[PDB]
Every structure is written in structure tokens, then in C-alpha cells.
file structure12.csv (CSV, C-alpha atoms)
chain,number,residue,atom,x,y,z
A,1,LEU,CA,0.0,0.0,0.0
A,2,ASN,CA,0.8,3.7,-0.1
A,3,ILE,CA,3.0,4.3,2.9
A,4,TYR,CA,4.9,7.3,4.2
A,5,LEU,CA,7.2,6.8,7.1
A,6,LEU,CA,9.9,9.1,8.4
A,7,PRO,CA,10.9,7.5,11.7
A,8,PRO,CA,12.5,9.6,14.4
A,9,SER,CA,16.2,9.8,14.8
A,10,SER,CA,17.8,8.0,17.7
A,11,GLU,CA,18.1,11.3,19.5
A,12,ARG,CA,14.4,12.2,18.9
A,13,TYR,CA,13.4,8.7,20.0
A,14,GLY,CA,15.3,9.3,23.3
A,15,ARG,CA,13.8,12.8,23.8
A,16,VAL,CA,10.3,11.5,23.3
A,17,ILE,CA,10.8,9.2,26.3
A,18,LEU,CA,12.2,12.1,28.4
A,19,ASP,CA,9.1,14.2,27.6
A,20,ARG,CA,6.7,11.4,28.8
A,21,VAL,CA,8.7,10.8,31.9
A,22,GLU,CA,8.6,14.5,32.7
A,23,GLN,CA,4.9,14.7,31.8
A,24,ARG,CA,3.6,11.9,34.1
A,25,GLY,CA,6.4,10.4,36.2
A,26,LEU,CA,5.9,10.9,40.0
A,27,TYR,CA,9.4,12.1,40.6
A,28,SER,CA,10.4,13.9,37.4
A,29,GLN,CA,10.7,17.5,38.6
A,30,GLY,CA,13.2,19.6,40.5
A,31,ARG,CA,17.0,20.2,40.6
A,32,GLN,CA,18.1,16.6,40.6
A,33,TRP,CA,15.7,15.7,37.8
A,34,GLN,CA,17.1,18.2,35.4
A,35,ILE,CA,20.8,17.5,35.4
A,36,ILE,CA,19.9,13.8,35.1
A,37,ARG,CA,17.7,14.9,32.2
A,38,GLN,CA,20.3,17.4,30.8
A,39,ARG,CA,23.0,14.7,31.1
A,40,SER,CA,20.8,12.3,29.3
A,41,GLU,CA,20.1,14.8,26.4
A,42,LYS,CA,23.8,15.4,26.0
A,43,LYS,CA,24.5,11.7,25.4
A,44,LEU,CA,21.4,11.4,23.1
A,45,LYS,CA,23.0,14.0,20.7
A,46,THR,CA,25.4,11.3,19.5
A,47,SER,CA,23.2,8.2,19.9
A,48,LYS,CA,23.3,5.9,16.9
A,49,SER,CA,20.3,3.6,17.6
A,50,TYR,CA,17.1,3.3,19.5
A,51,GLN,CA,18.5,0.5,21.6
A,52,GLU,CA,21.4,2.9,22.5
A,53,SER,CA,18.9,5.7,23.3
A,54,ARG,CA,17.0,3.4,25.7
A,55,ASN,CA,20.3,2.7,27.4
A,56,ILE,CA,21.0,6.4,27.7
A,57,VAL,CA,17.6,7.4,29.2
A,58,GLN,CA,17.5,4.5,31.7
A,59,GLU,CA,18.8,6.6,34.6
A,60,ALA,CA,16.2,9.2,33.8
A,61,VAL,CA,13.4,6.6,33.7
A,62,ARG,CA,14.5,5.0,36.9
A,63,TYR,CA,14.8,8.4,38.6
A,64,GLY,CA,11.8,10.1,37.1
A,65,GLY,CA,9.5,7.1,37.6
A,66,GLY,CA,11.1,5.1,40.4
A,67,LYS,CA,11.8,1.4,40.7
A,68,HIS,CA,8.4,0.3,39.2
A,69,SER,CA,9.3,2.2,35.9
A,70,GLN,CA,11.3,0.8,33.0
A,71,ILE,CA,11.7,0.6,29.2
A,72,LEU,CA,11.1,-2.8,27.7
A,73,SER,CA,12.4,-3.5,24.2
A,74,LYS,CA,10.0,-5.1,21.7
A,75,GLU,CA,11.8,-8.5,22.2
A,76,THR,CA,11.7,-8.3,26.0
A,77,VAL,CA,8.0,-7.4,25.9
A,78,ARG,CA,7.2,-10.5,23.8
A,79,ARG,CA,9.3,-13.0,25.9
A,80,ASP,CA,7.5,-11.7,28.9
A,81,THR,CA,4.2,-12.2,27.2
A,82,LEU,CA,5.2,-15.9,26.6
A,83,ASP,CA,5.6,-16.5,30.3
A,84,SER,CA,1.9,-16.1,30.9
A,85,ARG,CA,0.1,-18.9,32.8
A,86,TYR,CA,-3.5,-19.9,33.5
A,87,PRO,CA,-5.2,-20.3,36.9
A,88,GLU,CA,-5.4,-23.8,38.4
A,89,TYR,CA,-7.3,-25.2,41.4
A,90,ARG,CA,-7.1,-28.3,43.6
A,91,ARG,CA,-9.9,-29.4,45.9
A,92,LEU,CA,-8.4,-29.6,49.5
A,93,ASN,CA,-11.5,-31.2,50.9
A,94,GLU,CA,-15.3,-31.1,50.4
A,95,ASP,CA,-15.4,-27.5,51.6
A,96,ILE,CA,-12.2,-25.8,50.5
A,97,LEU,CA,-10.7,-25.1,47.0
A,98,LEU,CA,-7.1,-24.0,46.6
A,99,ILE,CA,-6.9,-21.6,43.6
A,100,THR,CA,-3.6,-20.7,42.0
A,101,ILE,CA,-3.7,-17.2,40.4
A,102,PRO,CA,-0.6,-16.7,38.3
A,103,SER,CA,1.1,-13.9,36.3
A,104,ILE,CA,-0.4,-13.2,32.8
A,105,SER,CA,0.8,-10.3,30.6
A,106,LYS,CA,-1.1,-11.1,27.5
A,107,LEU,CA,-3.3,-8.5,25.9
A,108,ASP,CA,-5.1,-10.5,23.3
A,109,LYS,CA,-8.8,-11.0,24.0
A,110,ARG,CA,-8.8,-14.8,23.6
A,111,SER,CA,-6.0,-15.5,26.1
A,112,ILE,CA,-7.3,-13.1,28.7
A,113,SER,CA,-10.8,-14.5,28.4
A,114,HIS,CA,-9.5,-18.0,28.8
A,115,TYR,CA,-7.7,-16.9,32.0
A,116,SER,CA,-10.8,-15.1,33.5
A,117,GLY,CA,-13.2,-17.7,32.2
A,118,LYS,CA,-11.3,-20.5,34.0
A,119,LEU,CA,-11.6,-18.5,37.3
A,120,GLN,CA,-15.2,-17.6,36.7
A,121,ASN,CA,-16.1,-21.3,36.2
A,122,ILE,CA,-14.3,-22.4,39.3
A,123,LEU,CA,-16.0,-19.8,41.5
A,124,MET,CA,-19.5,-20.0,40.0
A,125,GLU,CA,-19.9,-23.7,39.1
A,126,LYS,CA,-17.9,-25.6,41.8
A,127,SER,CA,-19.0,-26.5,45.3
A,128,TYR,CA,-17.2,-25.1,48.3
A,129,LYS,CA,-17.7,-23.2,51.6
A,130,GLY,CA,-14.3,-21.5,51.6
A,131,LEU,CA,-11.5,-20.4,49.3
A,132,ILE,CA,-7.7,-20.1,49.3
A,133,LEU,CA,-6.5,-17.6,46.7
A,134,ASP,CA,-2.8,-18.0,46.1
A,135,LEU,CA,-0.9,-15.0,44.7
A,136,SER,CA,2.6,-16.4,45.5
A,137,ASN,CA,5.0,-15.7,42.7
A,138,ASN,CA,2.5,-13.7,40.7
A,139,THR,CA,4.5,-10.7,39.6
A,140,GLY,CA,1.7,-9.0,37.8
A,141,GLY,CA,0.8,-8.3,34.2
A,142,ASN,CA,-2.7,-7.6,32.8
A,143,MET,CA,-5.0,-6.5,35.7
A,144,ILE,CA,-8.1,-7.1,33.5
A,145,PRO,CA,-8.2,-11.0,33.6
A,146,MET,CA,-7.1,-11.0,37.2
A,147,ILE,CA,-9.7,-8.7,38.6
A,148,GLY,CA,-12.2,-9.9,36.0
A,149,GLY,CA,-12.0,-13.6,36.8
A,150,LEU,CA,-12.4,-12.8,40.5
A,151,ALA,CA,-15.4,-10.6,39.8
A,152,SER,CA,-17.9,-12.8,41.6
A,153,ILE,CA,-16.1,-12.4,44.9
A,154,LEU,CA,-15.4,-8.7,44.7
A,155,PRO,CA,-17.6,-5.6,45.3
A,156,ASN,CA,-19.3,-3.7,42.5
A,157,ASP,CA,-17.7,-0.6,44.0
A,158,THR,CA,-14.3,1.0,44.6
A,159,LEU,CA,-11.4,-1.4,44.4
A,160,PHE,CA,-8.5,1.0,45.2
A,161,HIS,CA,-7.6,4.7,44.6
A,162,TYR,CA,-4.6,6.4,43.0
A,163,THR,CA,-3.3,9.9,42.8
A,164,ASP,CA,-1.0,11.5,40.1
A,165,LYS,CA,1.8,14.0,40.4
A,166,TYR,CA,-0.7,16.8,39.8
A,167,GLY,CA,-2.8,15.8,42.8
A,168,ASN,CA,-5.6,14.3,40.7
A,169,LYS,CA,-7.2,11.5,42.7
A,170,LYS,CA,-8.9,8.7,40.8
A,171,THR,CA,-10.6,5.4,41.6
A,172,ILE,CA,-10.4,2.0,40.1
A,173,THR,CA,-13.9,0.5,40.5
A,174,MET,CA,-15.4,-2.7,39.1
A,175,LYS,CA,-17.0,-0.6,36.3
A,176,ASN,CA,-13.6,0.6,35.1
A,177,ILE,CA,-12.8,-3.1,34.4
A,178,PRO,CA,-13.6,-4.1,30.9
A,179,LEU,CA,-15.7,-7.1,31.8
A,180,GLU,CA,-17.7,-6.9,28.6
A,181,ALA,CA,-14.5,-7.8,26.7
A,182,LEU,CA,-14.2,-11.0,28.9
A,183,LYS,CA,-17.9,-11.8,28.1
A,184,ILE,CA,-18.5,-11.8,31.9
A,185,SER,CA,-21.8,-10.4,33.1
A,186,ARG,CA,-22.0,-7.6,35.7
A,187,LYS,CA,-24.8,-9.5,37.3
A,188,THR,CA,-22.3,-12.0,38.6
A,189,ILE,CA,-20.2,-9.4,40.4
A,190,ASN,CA,-20.1,-10.0,44.2
A,191,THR,CA,-22.4,-13.0,44.2
A,192,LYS,CA,-20.3,-15.4,46.2
A,193,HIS,CA,-19.8,-14.8,49.9
A,194,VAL,CA,-17.6,-17.3,51.7
A,195,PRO,CA,-14.6,-17.0,54.0
A,196,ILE,CA,-11.6,-16.2,51.8
A,197,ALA,CA,-7.9,-16.8,52.6
A,198,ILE,CA,-5.4,-15.0,50.5
A,199,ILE,CA,-1.7,-16.1,50.3
A,200,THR,CA,1.1,-13.8,49.2
A,201,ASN,CA,4.9,-14.1,49.3
A,202,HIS,CA,7.9,-11.8,48.6
A,203,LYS,CA,7.5,-12.2,44.9
A,204,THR,CA,3.8,-11.1,44.8
A,205,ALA,CA,4.0,-7.9,42.8
A,206,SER,CA,2.4,-5.1,40.9
A,207,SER,CA,-1.0,-6.0,39.4
A,208,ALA,CA,-1.0,-8.9,41.8
A,209,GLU,CA,-0.5,-6.5,44.7
A,210,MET,CA,-3.3,-4.2,43.4
A,211,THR,CA,-5.4,-7.3,43.1
A,212,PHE,CA,-4.5,-8.1,46.7
A,213,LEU,CA,-5.5,-4.5,47.7
A,214,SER,CA,-8.9,-4.9,46.0
A,215,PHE,CA,-9.8,-7.5,48.8
A,216,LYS,CA,-8.5,-5.4,51.7
A,217,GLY,CA,-11.1,-4.5,54.3
A,218,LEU,CA,-13.5,-7.2,53.1
A,219,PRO,CA,-14.9,-8.7,56.4
A,220,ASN,CA,-14.9,-12.3,55.0
A,221,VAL,CA,-11.3,-12.1,53.9
A,222,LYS,CA,-8.0,-12.7,55.7
A,223,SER,CA,-4.4,-12.9,54.3
A,224,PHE,CA,-1.4,-15.2,55.2
A,225,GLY,CA,2.2,-15.4,54.2
A,226,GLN,CA,4.9,-12.8,53.8
A,227,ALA,CA,5.1,-9.1,52.8
A,228,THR,CA,4.7,-8.5,49.1
A,229,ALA,CA,7.4,-7.2,46.7
A,230,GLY,CA,6.5,-3.5,47.1
A,231,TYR,CA,5.5,-2.4,43.6
A,232,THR,CA,2.3,-0.7,44.8
A,233,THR,CA,2.2,2.0,42.3
A,234,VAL,CA,0.0,2.5,39.2
A,235,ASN,CA,1.9,2.6,35.9
A,236,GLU,CA,0.8,3.9,32.5
A,237,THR,CA,2.4,2.2,29.5
A,238,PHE,CA,3.4,4.0,26.3
A,239,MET,CA,4.0,2.2,23.0
A,240,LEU,CA,7.1,3.6,21.4
A,241,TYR,CA,7.9,3.9,17.7
A,242,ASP,CA,9.5,0.5,17.2
A,243,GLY,CA,7.3,-1.6,19.5
A,244,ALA,CA,9.3,-0.9,22.6
A,245,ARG,CA,7.2,0.0,25.7
A,246,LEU,CA,7.8,2.7,28.3
A,247,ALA,CA,6.2,1.5,31.6
A,248,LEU,CA,5.9,4.8,33.6
A,249,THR,CA,4.8,5.2,37.2
A,250,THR,CA,2.1,7.8,37.5
A,251,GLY,CA,0.1,7.1,40.6
A,252,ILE,CA,0.5,6.6,44.3
A,253,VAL,CA,-2.0,4.2,45.7
A,254,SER,CA,-4.5,3.8,48.7
A,255,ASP,CA,-6.8,1.0,49.6
A,256,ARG,CA,-10.5,1.3,50.7
A,257,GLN,CA,-9.4,1.6,54.3
A,258,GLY,CA,-7.4,4.7,53.6
A,259,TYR,CA,-3.9,3.2,53.9
A,260,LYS,CA,-1.3,4.7,51.5
A,261,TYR,CA,1.2,2.7,49.4
A,262,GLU,CA,4.1,4.0,47.4
A,263,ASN,CA,6.2,1.0,46.2
A,264,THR,CA,5.8,-0.3,49.7
A,265,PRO,CA,5.2,-4.0,50.7
A,266,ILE,CA,1.8,-5.2,51.8
A,267,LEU,CA,1.7,-7.0,55.2
A,268,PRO,CA,-0.6,-10.0,55.3
A,269,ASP,CA,-2.9,-10.1,58.3
A,270,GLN,CA,-0.9,-13.2,59.6
A,271,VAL,CA,2.8,-13.4,58.8
A,272,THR,CA,4.0,-17.0,58.5
A,273,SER,CA,6.2,-19.4,56.5
A,274,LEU,CA,3.4,-21.9,56.6
A,275,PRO,CA,0.5,-20.0,55.0
A,276,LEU,CA,-1.3,-23.0,53.4
A,277,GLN,CA,-1.4,-24.7,56.8
A,278,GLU,CA,-2.5,-21.7,58.8
A,279,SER,CA,-5.0,-20.8,55.9
A,280,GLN,CA,-6.9,-24.0,56.1
A,281,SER,CA,-7.2,-24.0,59.9
A,282,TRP,CA,-8.5,-20.4,59.8
A,283,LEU,CA,-10.9,-21.4,57.1
A,284,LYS,CA,-12.1,-24.4,59.2
A,285,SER,CA,-12.9,-22.1,62.2
A,286,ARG,CA,-15.0,-19.8,60.0
A,287,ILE,CA,-16.9,-22.5,58.2
call {"tool": "encode", "arguments": {"input": "structure12.csv", "output": "C-alpha cells"}}
result
Amino acid sequence: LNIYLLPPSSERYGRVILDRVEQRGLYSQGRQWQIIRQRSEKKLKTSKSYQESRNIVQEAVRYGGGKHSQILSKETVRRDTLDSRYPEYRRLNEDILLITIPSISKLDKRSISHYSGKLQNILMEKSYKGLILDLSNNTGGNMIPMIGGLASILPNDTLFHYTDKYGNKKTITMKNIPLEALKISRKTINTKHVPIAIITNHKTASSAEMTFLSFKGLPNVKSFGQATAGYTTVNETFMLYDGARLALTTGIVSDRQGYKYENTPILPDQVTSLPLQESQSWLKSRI
């Protein structure tokens, strides 16, 4: 077809990332920020490729956005997509299901609907009186299939809040979740009410942590295990010219109860190295 393309220079490509970082990053203002930015622009003047430009702005991204921010090359983004897994369950006994809820980074509608659908089926069509939700080793990815699959046990209300560098406070509610895309019905939201035990470990991160926050303060819920990884900030992701992605931190976070998080670990209710064990016992007492 009839195509016109005049791709940015490697310098331009680098400067585009600096503009975004400055525009939305939590920390990208003030004396230390320029200097880092100025130093980055000086190197970019002689950059000879996009890859080189990403290397050059790395300090700026890390400073301007913090430890939850980064630039992923197109290749890195795809390899990470291929690490995606689907939820699994095992019946522990006639009353308790153990549900494994893993990392998934996929965007495509089919994959994310298979992930959420698997969860939906377990929660809606299986028999139980209590649940164990296992977020160990879930380092995040696409929030949509995670929150979506768990829709039946979450409020049709505020999930968590987040505030940007300009002091704009916003809210992620069950409505902001594209359930329609997963072909899941809003009539199923919050229709299961059983004791829920949630397990986390040190690797539990990011989307998984914000999924964890979405259960906080629920009276039927209690959590076991260890503090999470501490990537409790909202990111916005910007697709760059060659398919690379800028993941940029733009929001500080608070849960329904008013507690604030800024790349800070979440404490489970009951810290322990035996959370499956203590989980079941807790579930027994409440059943």
C-alpha cells in the first residue's frame, strides 16, 4: 500500500521518552531531575540507535518514575508475554478449594478471556464453603483478567484509589474493568460470599499487589504469608515507535481503608512461613 514513514532519529526517540517521563512520572521534577535529564540529552545527541537511546535514558526513567518504571524493548515485551500462565485449582476437601492465580501479561482477547473464564467457572460452578487464593510468585501483568476472573467475589464498587503528580485523585472500580471484553456479566459481580484466605509471598508484585489491595477490608477475607514485593504504584504504558514499551509510574495508591502505598510492601494479616497450613485452619474455624 501507499505508505509514508519518516521514523524519528535515535536522538528524537530518546527525547520522546524524556518528555513522557517528565509529563507523568511521579518524581520527574526539580533540581536533581534536570541534570539527570540534561546529562541524558547530552548523550542522546550522539546516539546511533534506538537501543542505545533506551540505554541512555535508563537513569532518567529510573529516577523520574522510580523502581516500578522501565523501558522494555519489543523483544523483552514478547518474551515476557510468553511467560503467561492460566489459573489452576485443587480441591483440598469437600469445603475448600485452593486456587492458584498466576502472572499473565497477555493482551489478546482470547487469552485473557480463557484466564478469567477459568476463574469464573471455578468460582461459579464448583461447590465449596471456603476459598484459598494463592498469589505467591504472581509478579503482575494484565489487571483485567485477574480482577475480572475474581469478579464474583469482589464488590461492585471502589477497588482502590490512585493519585497522580498533579494531585488528581482517581478510583479503580469494578466498572472501570472491561468485563464486557471477557464476556462476563456484571450480574455475577459480588455474588459469592464465603470466607476467603489470600496467600502472598515476597515475589507477589504489581498487578497482583493491586489485586490483593482490592480485597482489603472485606470482612470475610484474611491474608497469610509474607510481605509482598512492594510495587504498589500505578503505571501507564506508552508504546514507542519501534514496538518498545515505556512503563511509567504515575500514581500513588491507597486502599478502601485509607492506607497509603508507594512502592511499599503489603503486610498480610498473619505473617508466616506456613500460609497453606494456617490458611486451612483459619478457614475451618469460620466454616
call {"tool": "closest_residue", "arguments": {"input": "structure12.csv", "among": "A:116, A:34, A:103, A:279", "to": "residue 131 (chain A)", "atoms": "only C-alpha atoms"}}
result
A:279
call {"tool": "closest_atom_pairs", "arguments": {"input": "structure12.csv", "of": "region 132-220 of chain A", "to": "region 5-25 of chain A", "cutoff": "12 Å", "atoms": "only C-alpha atoms", "output": "Markdown table"}}
result
| residue | atom | partner | partner_atom | distance |
| --- | --- | --- | --- | --- |
| A:163 | CA | A:24 | CA | 11.3 |
| A:164 | CA | A:24 | CA | 7.6 |
| A:165 | CA | A:24 | CA | 6.9 |
| A:166 | CA | A:24 | CA | 8.7 |
| A:167 | CA | A:24 | CA | 11.5 |
| A:168 | CA | A:24 | CA | 11.6 |
call {"tool": "write_last_selection", "arguments": {"input": "structure12.csv", "atoms": "C-alpha atoms", "output": "PDB file, in the frame of the given file"}}
result
ATOM      1  CA  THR A 163      -3.300   9.900  42.800  1.00  0.00           C
ATOM      2  CA  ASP A 164      -1.000  11.500  40.100  1.00  0.00           C
ATOM      3  CA  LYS A 165       1.800  14.000  40.400  1.00  0.00           C
ATOM      4  CA  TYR A 166      -0.700  16.800  39.800  1.00  0.00           C
ATOM      5  CA  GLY A 167      -2.800  15.800  42.800  1.00  0.00           C
ATOM      6  CA  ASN A 168      -5.600  14.300  40.700  1.00  0.00           C
TER       7      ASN A 168
END
call {"tool": "closest_residue", "arguments": {"input": "structure12.csv", "among": "A:276, A:160, A:211, A:206", "to": "residue 260 (chain A)", "atoms": "only C-alpha atoms"}}
result
A:160
call {"tool": "residues_near_point", "arguments": {"input": "structure12.csv", "point": "(-8.8, -18.8, 30.3)", "cutoff": "10 Å", "atoms": "all atoms listed in the file", "output": "list in words"}}
result
residues 85, 86, 87, 110, 111, 112, 113, 114, 115, 116, 117, 118, 119, 120, 121, 145, 149 and 182 of chain A
call {"tool": "closest_residue", "arguments": {"input": "structure12.csv", "among": "A:130, A:243, A:178, A:155", "to": "residue 75 (chain A)", "atoms": "only C-alpha atoms"}}
result
A:243
call {"tool": "closest_residue", "arguments": {"input": "structure12.csv", "among": "A:273, A:223, A:280, A:249", "to": "residue 97 (chain A)", "atoms": "all atoms listed in the file"}}
result
A:280
call {"tool": "residues_around", "arguments": {"input": "structure12.csv", "residues": "residue 207 (chain A)", "least_positions_apart": "2", "cutoff": "12 Å", "atoms": "all atoms listed in the file", "output": "PyMOL selection string"}}
result
chain A and resi 68+101-105+135+137-147+160+203-205+209-214+228-235
call {"tool": "closest_residue", "arguments": {"input": "structure12.csv", "among": "A:159, A:240, A:287, A:150", "to": "residue 124 (chain A)", "atoms": "all atoms listed in the file"}}
result
A:150
call {"tool": "residues_near_point", "arguments": {"input": "structure12.csv", "point": "(6.4, -8.8, 52.6)", "cutoff": "10 Å", "atoms": "only C-alpha atoms", "output": "count of residues only"}}
result
17
call {"tool": "residues_around", "arguments": {"input": "structure12.csv", "residues": "region 56-64 of chain A", "least_positions_apart": "6", "cutoff": "6 Å", "atoms": "all atoms listed in the file", "output": "ChimeraX atom specification"}}
result
/A:25,27-28,40
call {"tool": "closest_residue", "arguments": {"input": "structure12.csv", "among": "A:162, A:89, A:50, A:282", "to": "residue 258 (chain A)", "atoms": "all atoms listed in the file"}}
result
A:162
call {"tool": "atom_distance", "arguments": {"input": "structure12.csv", "atom1": "CA of residue 55 (chain A)", "atom2": "CA of residue 71 (chain A)"}}
result
9.0 Å
call {"tool": "atom_distance", "arguments": {"input": "structure12.csv", "atom1": "CA of residue 170 (chain A)", "atom2": "CA of residue 108 (chain A)"}}
result
26.3 Å
